[PDB]
Peer 1: 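Sharing a structure with you now.
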Amino acid sequence: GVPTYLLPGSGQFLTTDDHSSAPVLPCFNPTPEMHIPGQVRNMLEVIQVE
Amino acid sequence: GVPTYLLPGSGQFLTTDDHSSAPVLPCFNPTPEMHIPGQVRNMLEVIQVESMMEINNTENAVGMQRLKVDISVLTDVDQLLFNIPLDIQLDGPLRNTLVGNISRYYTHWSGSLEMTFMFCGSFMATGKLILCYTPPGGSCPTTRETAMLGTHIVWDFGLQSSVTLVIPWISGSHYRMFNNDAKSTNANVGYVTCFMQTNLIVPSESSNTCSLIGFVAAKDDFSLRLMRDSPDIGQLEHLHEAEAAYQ
Amino acid sequence: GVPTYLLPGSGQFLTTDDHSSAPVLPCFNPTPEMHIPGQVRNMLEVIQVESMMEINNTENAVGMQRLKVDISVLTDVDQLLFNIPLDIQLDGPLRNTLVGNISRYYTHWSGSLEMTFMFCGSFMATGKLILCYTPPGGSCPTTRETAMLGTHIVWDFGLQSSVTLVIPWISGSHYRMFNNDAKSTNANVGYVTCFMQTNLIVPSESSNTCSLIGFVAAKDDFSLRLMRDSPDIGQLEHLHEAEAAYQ
Amino acid sequence: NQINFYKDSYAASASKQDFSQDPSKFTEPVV
Amino acid sequence: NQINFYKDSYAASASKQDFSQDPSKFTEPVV
Amino acid sequence: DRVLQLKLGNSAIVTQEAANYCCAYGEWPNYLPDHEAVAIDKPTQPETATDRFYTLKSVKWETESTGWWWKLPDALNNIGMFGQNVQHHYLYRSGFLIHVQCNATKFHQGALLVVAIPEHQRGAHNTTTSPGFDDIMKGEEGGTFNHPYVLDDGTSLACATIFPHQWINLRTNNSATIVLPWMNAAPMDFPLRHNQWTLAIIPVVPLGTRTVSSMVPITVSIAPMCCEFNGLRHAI
Amino acid sequence: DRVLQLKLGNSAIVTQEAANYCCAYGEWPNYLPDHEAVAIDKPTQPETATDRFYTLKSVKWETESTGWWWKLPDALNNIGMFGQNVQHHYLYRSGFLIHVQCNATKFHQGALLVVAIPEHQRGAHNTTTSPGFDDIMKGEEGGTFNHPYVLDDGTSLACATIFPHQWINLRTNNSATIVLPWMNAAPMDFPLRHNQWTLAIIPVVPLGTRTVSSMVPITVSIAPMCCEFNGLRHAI
Amino acid sequence: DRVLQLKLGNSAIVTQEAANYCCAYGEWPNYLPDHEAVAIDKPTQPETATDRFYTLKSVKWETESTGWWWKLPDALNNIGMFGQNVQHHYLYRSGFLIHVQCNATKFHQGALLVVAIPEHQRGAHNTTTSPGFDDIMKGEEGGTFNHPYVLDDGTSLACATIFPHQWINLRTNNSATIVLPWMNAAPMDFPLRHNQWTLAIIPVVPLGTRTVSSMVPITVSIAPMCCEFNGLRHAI
Amino acid sequence: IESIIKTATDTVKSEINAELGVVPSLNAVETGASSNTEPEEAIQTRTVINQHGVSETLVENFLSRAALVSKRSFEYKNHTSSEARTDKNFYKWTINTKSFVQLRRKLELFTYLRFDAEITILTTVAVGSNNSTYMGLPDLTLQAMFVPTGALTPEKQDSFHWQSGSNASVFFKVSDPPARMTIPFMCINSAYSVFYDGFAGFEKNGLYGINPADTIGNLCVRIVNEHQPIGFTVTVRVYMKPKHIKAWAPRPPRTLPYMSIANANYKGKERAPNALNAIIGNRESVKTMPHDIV
Amino acid sequence: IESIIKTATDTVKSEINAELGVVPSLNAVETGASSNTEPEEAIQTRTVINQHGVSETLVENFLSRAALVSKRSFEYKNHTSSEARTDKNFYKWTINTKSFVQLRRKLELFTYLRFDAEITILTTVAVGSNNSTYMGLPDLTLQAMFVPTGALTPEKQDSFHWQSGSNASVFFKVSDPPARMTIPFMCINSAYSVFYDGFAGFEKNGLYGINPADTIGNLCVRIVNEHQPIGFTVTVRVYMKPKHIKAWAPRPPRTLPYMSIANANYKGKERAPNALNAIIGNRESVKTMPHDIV
């Protein structure tokens, strides 16, 4: 809460980090998903193709 | 939450800190564990295993002769065979062991030290050894009658050919410090002085200069606190293939 | 969580702050507690123990003569034996005590001050002492009839050979300040003026210059707030073996 | 009121809650 | 006491809680 | 005042003009419990052989006598069976039974603060050098106070009654009794090179009388209660 | 002391003056489990054809003999059916059964630490260059120790008993037995280019006797237990 | 033959070629019971401080060596914590644990009757005068036998096996163990002026061998079992 | 005993208690401290409920104040060029409780003290007087490595003992919050003996009062950054806050000024107060009141 | 086996155990380490309950100390103008466990080590000696990119391999907390073989001990900011804290001084201790006690 000490990995820009960041439009609703064919959720779906 | 004030220990790099840090690959699954034999989860698993003491510790003893002590057929009784200083955190015969080198990664240690001596003579070489750990406070006993007042064990070689003098944990404090002074009350441990009991008798066709290998391990009552850098290793200069791992 | 704004008191080093900080050894188990006698968990445990007042406080009294007051066989009645200023936070006879020196680590104090006087004369030395704590507002009473109007106790020596004048807690405020002025309403405490009641009578073969040791402690109604650095000690210069603890 | 997030019990906040006191150790060490 | 807010199990705190130990692997590797 | 009988081993002390004793910090002396122990070797526990009231050399009390002190166990490091067990063992754990007899007449004026100081790290006046062996380990005879007014360590005698203390105010007290348990951060320590206690007889009121000035001895008799000895070695 | 019989395949070793064996790190050798496996091809599992106690060339023991070492599988990389499966397969997983026979008379004094080093990354004295093939892969004959006192890698022989170890202290032990399982971070590895184990016979006490100095052979017989072979290719 | 471990106090003796011990007259050593006691003062009971195997000076064994003897408690009257309790107490009651180590080779021929004589009232040859202090109380070093064939008292060595006895026949016995309880008509006696036991090492078969004649020590280690000390006085 | 009191205890109403055969104010100082309370005798008290503060004067709260233990101002320049004894951009400080008399006297009220040391390092950069120009204060990363007592300490700034593979080190900037760390209670005994009536070694030539058990360690503080062309006086102030205090055997407070870190040697001021022959500043007489109201 | 002990084990009370036919202290070293415990023989122990520390000496806690693995001081100037081999405002460091002997010896106690590497990068800026004037320490943003072993590494500061589209990079300032990241356990085998008795390639000319599986990667550390007119010695100190330690097959500690990063080649000091013929500093004899109490 109020007592917070900064970690050694604080203020750095990791490339592979996954922390949630700020929106720029505060109420942006994206266009809804349509069923585009061939949804790729893993590289193994592309890997096992000749 | 939102109101956050920085602590005085914020933004620092502690070496022993345990806070969780950022991943670099965001979905890295490591290779799964296989059952590699000998899983080591504590230093006490390595600590209670025997390891050769450098008992000889003498300039004529080169290499192989240092890890054994040459006990000979003496013509007279009540001589000191050898005496071992039990500074497991200071340079001595107990330094080049598992317990000594690993305990030198710590400043404070506790627990009983088992010390197993294996008689590496012939089968027909007979003799009794009296091994006496003396508690600190006085000088090292050079005579047996001053030595047997302490923790002494009498060992006939026989068929078993090895003994374990368990050095007990008698100290005023709960732990013993390193402190770089072997004279201190909280650092001096005692002296393991081994003497002839009934002399070493060998046949004429067996070697008179018999040899003894001693070991120090500990028991499960051993313990270590205040981790420090071990002085066994040391870097005065950047080694070879460093600056070639950079090029 | 993620939205965090720094407080104005963030990044500062408070001396009295209580936030948890980082360990340096990540798995250090300390040595376990033994029952050392006299566990001190509050200052009131040290506060209510008696401690010698420096009643004599005079340049001819050197050392040992300061902690006692020499009460003599007076030829006439109604003289002031001694008067003690009760500034427990200011330099005086109550300064060199447990309660004075420990309360000088605080600015605000409260509670009754017990003051036990032990007659260290002979057994045959008889006499009555009247000890009168006077509440502040006026001068120190040099005469007994002005003194007995306050909190006075009459003490015959007898077999018990000690009395306790309990100085009560009469003040306008809940606490008394240090404030470096002994004239102030919230700092002046009163005056313990001890007088002859029925004169000190000794035999000719006992010492006429009898001696009295006074003590101040407190009761469990004592209390201390606003911790400060005590002016009893002081560093104008870096002491010996400092800069030799660095070399 | 404790933000002890580290794995050591010695790293915690200064426990100013030990209100138990026994002055009779030092005031009345008799009988 | 763990502030592992990242999605990887390898990113967690140093788990100094593996108190299980078997010295008989190395002390008594017999029978 | 209070008649007190202290009987341990073969020794017994009777006093007829004593006060109640000063059982230190509300605890009796005790042997080392199993959860409290550090040394894994079995303690000696000599009991009645080393519970004896070892009577030390009495010191003369005069008008100018500043004070005296005997460090425990250093005062009994060479005396009796306790002394022999001190040289023969590297570790000990013994409490003490202080009895200080100052027999004086009813016309004698004087007050001895008998104060038991835990770890009297003594000071040296006008020098920054630490006190040596000849300034600390005086043994059975026991050191005299150079400056007892500051307790010879920079502290104050005036606050020394926080320590386990008695008085031999000679009005109605001729003998003092302070019962100390084991007082160390360690459960056991080296008796030859660490004084867990000391006993300081300080005449806060000196000897003053107008009769024939007789020799008043201050006799210190210490009975090591619950004495335990670990690490049996040669006589150090 | 303890009579031990080790029978695998067509081979059998009897010893009458051995100790209890040194089953390494408390685990028997085992074949690769299904959850543990990496290679999807079926392992060979030759069993009794490659469980044979392959007896190596015995090394002579003298007074000045520093020590000897045989890298596993490099010692058996060319010997027998195990050697043929080593050349014919790119992946293997075999534990080993070390039996070291040092037959000596009852008047012979000597102690061989038989120490099984996992990944002996050996060192070279007075040079920063890595040891080549001619300093590492000596094969069936097995390398002699240049500096066994430091275990020829900068470590210490004095701490080598943390490794799976036995002694041929010639008082009451003539033969040593160390039972190694598979020891690798990988489940399987190339036998021609990685030594998962090595066996080091180090005379910590050298051969000393005052009778007729006879030739004492150190005979190493290794039986590959639970040997598995994956990736059947040509003879490499 | 029989491996025997004797652990008391801080001391421990292991022997690998011993026989069964000689617990004397079928009784263990014991402390004084309440119905058996005479001295009304509390015994010391130092236990582990004085249960230590006090190893005496070993005597050399030759062909012409007649015999040796150590009187108990006179051998341990000055040695260790038992010796300190001997000087510090007028009464004692201690049994003993005799362990005699005579380490010799398997080619050595010899037989030592280790015989514990209760009240060896020794004789003097060709004189009617009683033996003095210099002929009886030799202490730690222990007297040599002038005429061991008659047990140096007019009796016979040939009948000495009625006493608590062992043999160090060097064929299959290298160490002897005789466990003596308290042996006196009184429950307690003066240790400085009465020897309740003695231990006599008599080479009934002397040292004979045709190898290199090495020094064979006879090492006597006595552990005072159930040692009790009464009448705490000054060091006599 | 068994008092878990959280405030000052209240007094009860006292009437005229002139009872023969009992007297509370008559006590024996020759036993200990007296038990004569306020409603017992010498005052006819009233029932006042005492709600006064106790948590502030807890021995925990008494000793949990972050006071200075190591103020070292070392220069940061080319020390390797020409220096002999001075701190070559690094100093090994033996962590002692005795360097500064305030916290020394505070911990020296007790014989034994079990505490974890919240070491907070506040480091300040100033420009040395040789340069005589500001040119900005640099952001300096400093390594404070806790070495055990008697272990191998570094000899240089880049001494290759600063790797801290096993030793615990904290890296902290000057443009940052001060380095807050908690040194454990690491004594081999169950408390820090703040006083030691004994010697360190079994030889007779040991130092008096220096028990290495109560010596906490060695803070080796260095600049991790290499040298600047401008020298900078880096004043590193280690403040130690003793936390989780368990205190034993309370003592007289130190009255005379301290002379040495190692021992408790004493020499008072040349006149009272806090003088060797007179701890209290002297009055004119026993009958003379200083600061009397007139 | 099945011991989940959390403290040191307590000893039980031992009496006189002189029993014929059994002897605990007589053991066989020719089997393994001996099982003769303290109450079994050689001491008549007492029942002391052992509450001593074990969590500090856990192999996790033994190896979870952030020790230095890469101290590289590279200049930050116009390196493109005239430099030949030196680090052109960037360095590719092959992440090895062997660069600094402290953490090298700590991880080289074990044959196999499964851990995630908490890489913490503490970077310090100093002014180089050519400028000889402070003029402030600049706030430098640095990119540390973890490249897989053998993959394409950058050749310049602006080499267009610093985009880090697939490679994982961390951007961190010098006026900031040090860069804390966790490199995963990324070995293709189930532990890092700290020693390798083998060769990397199937050819006979491979390097001994360099298994590329246990080679962690390549930390390519650069200044993201373009060059200043003032050159600055940027000393980047990568400290690696090995976390989630699982250790296998413990080894003798390295006694001789290390010579090379690549191999375990040995050459002791010119006299004992830690010499090739004598690891321990020599005494006068077997019967001579060093530091004996006198």
Side-chain angles (χ1 to χ4, degrees), chain A residues 5-12, chain B residues 6 8-15 17, chain C residues 11 22, chain I residues 72 74 76-77 87-91 120-126 136-146 154 156-159 161-164 167-181 219-228 230 232-238, chain J residues 66-74 76 119-128 134 136-142 144 170 172-180 221 223 232-241:
Chain A
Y5 63 97
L6 282 192
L7 256 34
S10 74
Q12 96 207 351
Chain B
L6 282 192
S10 74
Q12 96 207 351
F13 173 42
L14 196 37
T15 270
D17 66 354
Chain I
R72 163 119 289 192
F74 64 98
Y76 176 24
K77 55 197 211 256
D87 276 315
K88 327 271 289 298
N89 296 1
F90 97 102
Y91 69 89
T120 306
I121 295 159
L122 174 287
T123 171
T124 57
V125 192
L137 276 187
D139 68 301
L140 305 180
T141 283
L142 277 95
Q143 165 171 23
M145 187 184 38
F146 171 81
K156 295 171 306 155
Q157 213 222 51
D158 36 4
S159 159
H161 291 255
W162 299 102
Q163 337 163 345
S164 67
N167 277 326
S169 74
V170 41
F171 295 87
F172 51 95
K173 313 220 48 149
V174 299
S175 59
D176 247 14
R180 270 99 64 159
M181 86 219 57
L219 223 57
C220 305
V221 192
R222 74 145 176 178
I223 319 292
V224 195
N225 331 92
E226 79 99 350
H227 73 275
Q228 321 284 348
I230 319 107
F232 297 102
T233 298
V234 183
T235 310
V236 172
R237 284 193 200 51
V238 178
Chain J
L68 186 56
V69 292
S70 177
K71 172 182 142 33
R72 163 119 289 192
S73 63
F74 64 98
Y76 176 24
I119 291 276
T120 306
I121 295 159
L122 174 287
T123 171
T124 57
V125 192
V127 177
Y134 183 49
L137 277 187
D139 68 301
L140 305 180
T141 283
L142 277 95
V170 41
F172 51 95
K173 313 220 48 149
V174 299
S175 59
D176 247 14
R180 270 99 64 159
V221 192
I223 319 292
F232 297 102
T233 298
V234 183
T235 310
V236 172
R237 284 193 200 51
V238 178
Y239 291 72
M240 188 240 285
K241 190 222 172 43

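Residue numbers start from 1 in every chain, and the chains themselves are labelled A, B, ... in the order their sequence lines are given, proteins ahead of strands. Values below: all heavy atoms of this structure, side chains included; hydrogens, waters and symmetry mates excluded.
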Peer 1: Of the non-hydrogen atoms in B:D17 and J:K241, which two are nearest, and what is the gap between them?
Peer 2: O-NZ, 3.0 Å
Peer 1: Rounded at 0.5 Å granularity, tell me how far OG in I:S169 sits from CG in B:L14.
Peer 2: 7.5 Å
Peer 1: Report yes or no: do I:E226 and J:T233 form a side-chain donor-acceptor pair below 3.5 Å?
Peer 2: yes
Peer 1: Using the six-membered ring wherever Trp is involved, compare the ring planes of I:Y76 and I:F232 and label them parallel, tilted or perpendicular (cut-offs 30° and 60°).
Peer 2: tilted
Peer 1: Once you round to the nearest 0.5 Å, how far does CZ of J:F172 lie from OG1 of J:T123?
Peer 2: 6.0 Å
Peer 1: Under 3.5 Å, is there a donor-acceptor pair between the side chain of J:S70 and the main chain of J:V236?
Peer 2: no
Peer 1: How long is the straight-line distance from CG of J:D139 back to CG of J:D176, given to the nearest 0.5 Å?
Peer 2: 9.0 Å
Peer 1: Could you tell me the separation between the CZ atom of I:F171 and the OG1 atom of B:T15, rounded to the nearest 0.5 Å?
Peer 2: 5.0 Å
Peer 1: Short question: side chain of J:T235, backbone of I:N225 - any donor-acceptor pair under 3.5 Å?
Peer 2: no
Peer 1: Looking only at heavy atoms, what is the nearest atom pair of A:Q12 and J:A179, with distance?
Peer 2: OE1-CA, 2.8 Å
Peer 1: Just how far is it from atom CD of I:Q143 to atom CZ of I:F90, taken to the nearest 0.5 Å?
Peer 2: 11.5 Å
Peer 1: Check whether any side-chain heavy atom of I:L219 sits under 4.5 Å from a side-chain heavy atom of I:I121, and report yes or no.
Peer 2: yes
Peer 1: Within the 4.5 Å heavy-atom criterion, are I:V125 and I:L140 side-chain neighbours or not?
Peer 2: yes
Peer 1: Any luck finding a side-chain donor-acceptor pair between I:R222 and I:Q157 under 3.5 Å?
Peer 2: no
Peer 1: What's the spacing between I:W162 CH2 and J:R237 CZ if we round to 0.5 Å?
Peer 2: 10.0 Å
Peer 1: Assess the residue pair I:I223 and J:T124 against the criterion (side chain to side chain contact (heavy atoms under 4.5 Å, CB included)); give the C-alpha distance rounded to whole Å, side-chain angles, the decisive distance to 0.1 Å, and a yes or no.
Peer 2: CA-CA 9 Å; I:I223 319 292; J:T124 57; over 6 Å; no
Peer 1: Taking all non-hydrogen atoms of both residues into account, name the closest pair between J:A66 and I:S164 and its distance.
Peer 2: O-OG, 2.9 Å
Peer 1: With no hydrogens and no angle check, is any side-chain donor or acceptor of I:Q228 less than 3.5 Å from a backbone partner on J:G136?
Peer 2: no
